[PDB]
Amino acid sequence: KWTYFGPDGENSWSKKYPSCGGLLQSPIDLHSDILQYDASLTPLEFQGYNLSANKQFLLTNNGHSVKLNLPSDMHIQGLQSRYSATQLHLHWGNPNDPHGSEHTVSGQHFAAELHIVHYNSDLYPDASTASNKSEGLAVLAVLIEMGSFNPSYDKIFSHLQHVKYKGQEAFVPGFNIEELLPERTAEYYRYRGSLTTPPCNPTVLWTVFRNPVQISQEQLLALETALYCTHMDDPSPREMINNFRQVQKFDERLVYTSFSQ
């Protein structure tokens, strides 16, 4: 029953979830004073991201975001263990303020943000298990700006009217998940942080791509108006809007960049 607004919003999460008050918290503002080029940040390789269109993947409204489950044959290579996909999901603002990314860059929000969550499959049986373990999770973040219509993102957004309420599930045909990543994936920011939602475990290796992708105002409006945090039958409905955490103090941490300029 944590939320992003009101008595149970983010400044209260630590009452029930201690790690949300702990160190290494995400998201953060990416700005020059805390950036440092690291030449060892070589390009990631995205394996098994081309999901078959004849197969289907479960989309669920979990009351906090909408998530698409991903198969464990989908992996990122380049890290010092292989990390296998578990789910992707989004964070966004609202129709009157389409500025709901979690990470900011030099103090500016982007319209939305996509997270593709992976767990260390070398060392762990599943994501739940990896989630409280050192080195356990790797999340890829794509910053989303308002711009051109994006047919790849529409492969997810076209199914939102079927997961409007908490607990609802729908199937999305497979598509190539790499189509959701931006240009020049070799350029990214990398840092040690946390889940941006309760329980806020400080166990995530973040990669935020330097370049945003674009989706249209109509696509953002659909995302911002389609979904509810509450069940279909709840007499106290709550729109699922502004589901991003404020940026966190950078307790002496640097962010490492694969790009020098």
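Numbers follow the displayed sequence, beginning with 1. Each form is matched to the other, and the largest set of C-alpha atoms that superpose within 1.5 Å is called the rigid core.
- For the pair 4-12 and 250-258, rigid core superposition yields a higher RMS C-alpha distance in 9 other deposited structures of this protein in 250-258.
- Relative to the shown model and aligned on the rigid core, the C-alphas in 9 other deposited structures of this protein deviate most, among 231-239 and 55-63, for 231-239.
- Higher mean CA B-factor, judged across 126-134 and 96-104 from the recorded values: 126-134.
- Averaged over Cα atoms, the B-factor as recorded in the entry is higher for 41-49 than for the other of 41-49 and 200-208.
- Per the PDB record, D73 has a higher Cα B-factor than any other of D154, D73, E113, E187.
- Looking at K249, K15, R253, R245, the one whose CA carries the top B-factor in the deposited record is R253.
- Ranked within its chain, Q87 lands in the lowest third, by CA B factor from the PDB record.
- Per the PDB record, residue ranking by Cα B-factor puts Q161 in the highest third of the chain.
- In this PDB entry, the Cα temperature factor of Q168 sits in the middle third of its chain's modelled residues.
- The entry lists a Cα temperature factor for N62 that places it in the middle third of the chain's modelled residues.
- In this PDB entry, the Cα temperature factor of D33 sits in the top third of its chain's modelled residues, the highest group.
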